[PDB]
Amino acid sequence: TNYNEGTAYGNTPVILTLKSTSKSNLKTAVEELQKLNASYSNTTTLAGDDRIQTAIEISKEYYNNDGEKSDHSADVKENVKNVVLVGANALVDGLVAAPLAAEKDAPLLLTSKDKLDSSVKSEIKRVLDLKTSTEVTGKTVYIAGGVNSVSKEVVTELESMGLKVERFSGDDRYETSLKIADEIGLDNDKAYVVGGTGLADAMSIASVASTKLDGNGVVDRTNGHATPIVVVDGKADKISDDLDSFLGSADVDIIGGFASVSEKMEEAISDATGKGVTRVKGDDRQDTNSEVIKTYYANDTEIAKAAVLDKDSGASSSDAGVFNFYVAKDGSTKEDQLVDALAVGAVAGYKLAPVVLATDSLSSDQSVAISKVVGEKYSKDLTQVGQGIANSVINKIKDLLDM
């Protein structure tokens, strides 16, 4: 008759006694048990058999599922009225659509070129709460891309659902990005610039761009506004009149190295604006990714101050830190693998979370960057987006996150 040493739970199935000769072996067993026990509330994986399904999984997770909470710990939107749609094989068209999805309070979904997928058509019906009993009114689908990315047939089918459709597209990467940016607007007097080949650079900054700031730069996910991203040629000397008239006199941060955006283009934007342009650069995808994290998610930034207030409302500015994290592929082997980070961007803006780009390995800059921005007191969260990220990477990020 063992008189065990504590009060148990009404539904305790077993009274476990963990024993060992070595205090170390017992220490690690219970430590690993604590981590593996919390992994079910710490880690999430939003992935599917392909890009189209993965984006649906993100829409199912954060839009019209469980409702909105004041801690910003649940949904980005519960009463969804808009959807952003992108071509699954047209990443370059929808590259800067994440801040649009943010401003429109919309999930970002992916479709095939020629004909809308039944999977996606069902999702749109779900997230928008479309039923044959009520008139479909006030519901809009913004297509980011041209007719070669998302066909005309997709639109006519979307219209047979009673949905309003708005296309944003131009003759190339750069005109399309400008059309999307023009929808978002410069309510924060700022814009982020990336190069036509800096696909991994736009995916790193999407998080920051989709963060809704107020007039003083505080984080207001209720009455705030996101910041647009514009794509530029790079390796070029002038900006077009459209970009000039758009930018006006707004602050600009160029994300990426000089192979993505030349010094010539930097000075061109500087002259048209009449202001100094900031540059967050690196030598590779992961180096620019780390620099973005270190810069925009540092302790003294407003994102860090707001992110801790979501963990504990009575927390000081000295408690500032990053607590939610996303991880997706970097597209070194295949560049279209970046499309898994496009769908999450707006969500990372709401959740105040950076997106770490790594498939096979986590760089040393990324490791140091995460350790420098991660929070200290409260719990951490990591969501993996897509299939194919190495366990090396996940365990490394978990170690850095105290997980």
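One-based numbering along the sequence shown.
On average the C-alpha atoms of 149-157 have higher B-factors than those of the other stretch, with 149-157 and 81-89 being the two compared. If you average the C-alpha B-factors over 356-364 and over 342-350, the higher value belongs to 356-364. Of the candidates 332, 140, 112, 301, it is 332 whose Cα B-factor is highest according to the PDB record. Listed residues 38, 373, 26, 58 were ranked by CA B-factor as deposited; 26 comes out on top.
The PDB entry assigns residue 133 a C-alpha temperature factor belonging to the highest third of its chain's modelled residues. When the CA B factors of the chain's modelled residues are split into thirds, the value for residue 319 lands in the middle one. Sorting the modelled residues of the chain by their CA temperature factor places residue 248 in the middle third.
When the modelled residues of the chain are ordered by C-alpha B-factor, residue 42 sits in the middle third. Ranked against the other modelled residues of its chain, the C-alpha B-factor of residue 219 as given in the entry falls in the highest third.
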